[PDB]
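Undergrad: One structure coming up, written as structure tokens, with questions to follow.
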Amino acid sequence: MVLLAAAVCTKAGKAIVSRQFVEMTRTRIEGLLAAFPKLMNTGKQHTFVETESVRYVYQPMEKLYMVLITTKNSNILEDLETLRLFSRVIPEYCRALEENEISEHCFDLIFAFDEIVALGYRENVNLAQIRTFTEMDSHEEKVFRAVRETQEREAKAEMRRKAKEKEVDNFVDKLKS
Amino acid sequence: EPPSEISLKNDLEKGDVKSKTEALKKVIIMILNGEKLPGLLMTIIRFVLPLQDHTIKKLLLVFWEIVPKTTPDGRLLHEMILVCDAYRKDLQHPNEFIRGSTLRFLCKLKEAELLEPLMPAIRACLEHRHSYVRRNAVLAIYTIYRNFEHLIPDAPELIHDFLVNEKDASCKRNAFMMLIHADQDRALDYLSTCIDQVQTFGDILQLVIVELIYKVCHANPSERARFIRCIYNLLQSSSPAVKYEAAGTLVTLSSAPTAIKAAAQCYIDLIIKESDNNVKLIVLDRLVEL
Amino acid sequence: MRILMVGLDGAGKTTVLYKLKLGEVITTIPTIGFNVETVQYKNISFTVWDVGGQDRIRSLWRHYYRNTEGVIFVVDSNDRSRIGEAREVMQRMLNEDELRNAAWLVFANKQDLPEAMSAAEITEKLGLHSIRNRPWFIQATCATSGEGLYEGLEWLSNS
């Protein structure tokens, strides 16, 4: 993990959608987080705030915020890419932007979190390709036609049966000393 | 006397899957509250072992996952073993994505009577030429290691040998992450091996070692040279990530005036290069510590 | 129709099934659970629960207590063991009323596989001789044999 939740946010004091990598507690962790986020703490601007060693990572994208959270150190850029990246992905994933579309393609969207990121690891590239992996496959089909068919033959037949029946060193020395 | 639970039931017929989808969403929302009162279980039960609807299964499944399962019925609703056999098959499924997806789920999953021969089952699935599937096992296993590590007991080595068989960086990266959590030692042995090779390689896996090494010294040291030999190589350092860590780890390790200088430089340039201010501040903070 | 294959499945009770379904054989671990197939005839598509009569699974089938429409009893005709005992159980099916909504078939399977009883011998023995408020013609299979089955069945859906 490098993120116990990704929650995609809309301005509302409320985060439009979320997923809980790990359950234990109740929303109050998440619920409390939601509250704080909605409040924004009046704070003016800035796309990042970490407070109390918790990264609250966000990106306004419009009236929307996409949010990630973490507490101990990270390499920034990567991160950014993601926020941004989210901001690339959605109109594809759930269709454009307005909660509803997403409301219909919730399943798709959550699926995307997992898919995209396996526990804080940047899994791939290529969205379409990303579609590919599941509920879009190939193997299963290959297998099915042949198999189904084979069985079918047995069945058909059955129908009848039925039917009828240097450098290092510089350092090293210095140090060594 | 009658209820809309039933109203949903006919819809499902009416559409098939489609209607059911709707039902899932509703159910979901209903579920979302907590809320539901049972009975549809039966329906679900009835149609689903004989039905496909993959997506739906995925919805279903997930639903099961998020929702409880040690349900006041048991534990299980009590069928947690029987239905699974199809699923086990799916899990068996020659069909690799399908297994992988399951696996993904499975990493989320943790339902034991079902697991046991699925332990066998999984083992087979590891062999499948797909790194996606195999990788998925790495999470899954991780999931075991806390829940019922023991379930499998021979693993840390088994993995470690596995690594030997292995060569997909993605999977490797993972492999490390888990491996040290099981036991560092194996990683280390390998570490010894890898020492020269590292430089050639992709970062992500490299990172993970940096954490590990840290904890052990405060507890105890005497280990250096072998490391050093490498470490110096690491004093190439060049990705912004690498560099970011690389100076950071160094300080962790050392603070010799020479050390002080080395890291310092890295920063200074970095900064200079640097653009995201947020970042800039951060290092200060470290610095502030320093 | 809901058609029921019970007894402990893994014996090739399941074989019996897999043989129907793909032509194949038990290439599963011996199977406690629901095994499902739909077989279409009179286009009543018979949904077969091949379910082990192993402990829980026998014990617990209440959601499957609903209303029957077809009976296969898949038989170890080398079993001549749990059948009296079975008879003793079987009564409670008899004592079920859902259970009286099927014109059926007991299938004697596993004939080659060791031997079998008098078609009659069994008939009393499971307590089978005694019915009528459901039809009750008898049909032997084996699990490496069985034909004319379908005569049995023919009458049966067309009851």
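Here Swiss-Prot sets the residue numbers for chain C, with the shown residues being 18-176 in order.
Cβ coordinates are placed from backbone N, Cα and C, and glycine is handled just like the others.
Copying in the features that Swiss-Prot gives for the protein in this structure:
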BINDING   C:25-32, C:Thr48, C:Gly70, C:126-129, C:160-161  GTP binding site
CROSSLNK  C:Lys127  ubiquitin cross-link
Undergrad: Of all the binding-site residues given, C:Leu25, C:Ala160, which residue's CB has the most CB neighbours within 10 A?
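TA: Of the binding-site residues C:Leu25, C:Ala160, the most buried by Cβ count within 10 Å is C:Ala160.
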Undergrad: Tell me, how many other CB atoms lie within 10 A of the CB of C:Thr31 (GTP binding site), whichever protein chain they belong to?
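TA: Total other Cβ atoms inside 10 Å, all chains included: 28.
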Undergrad: Listed in sequence order, which of the binding-site residues C:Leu25, C:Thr48, C:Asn126, C:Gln128 sit with a CB under 8 A of chain B?
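TA: Filtering C:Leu25, C:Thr48, C:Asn126, C:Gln128 for a Cβ under 8 Å from chain B leaves C:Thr48.
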Undergrad: Helix, strand or coil for C:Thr31 (GTP binding site)? Use DSSP.
TA: helix
Undergrad: List the Cα distance (Å, whole number) between C:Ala160 (GTP binding site) and C:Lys127 (ubiquitin cross-link).
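TA: With the alpha carbons as reference points, the distance is 5 Å.
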Undergrad: Translate the DSSP assignment of C:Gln128 (GTP binding site) into the three-state scheme.
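TA: C:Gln128 (GTP binding site) sits in coil per DSSP, no helix or strand.
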Undergrad: Taking every protein chain in this structure into account, which of the binding-site residues C:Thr48, C:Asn126, C:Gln128 has the most other Cβ atoms within 10 Å of its Cβ?
TA: C:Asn126
Undergrad: Between C:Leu25 (GTP binding site) and C:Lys127 (ubiquitin cross-link), find the distance joining the two CA atoms and give it rounded to the nearest Å.
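TA: Rounded to a whole number, the Cα-Cα distance is 13 Å.
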Undergrad: Highest Cβ count within 10 Å among the recorded positions C:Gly27, C:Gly29, C:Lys127: which residue is it?
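TA: Answer by Cβ density within 10 Å: C:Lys127.
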Undergrad: Given the binding-site residues C:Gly29, C:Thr31, C:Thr48, which one's Cα is the least distant from that of C:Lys127 (ubiquitin cross-link)?
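TA: If we rank C:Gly29, C:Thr31, C:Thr48 by Cα distance to C:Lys127 (ubiquitin cross-link), first place goes to C:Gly29.
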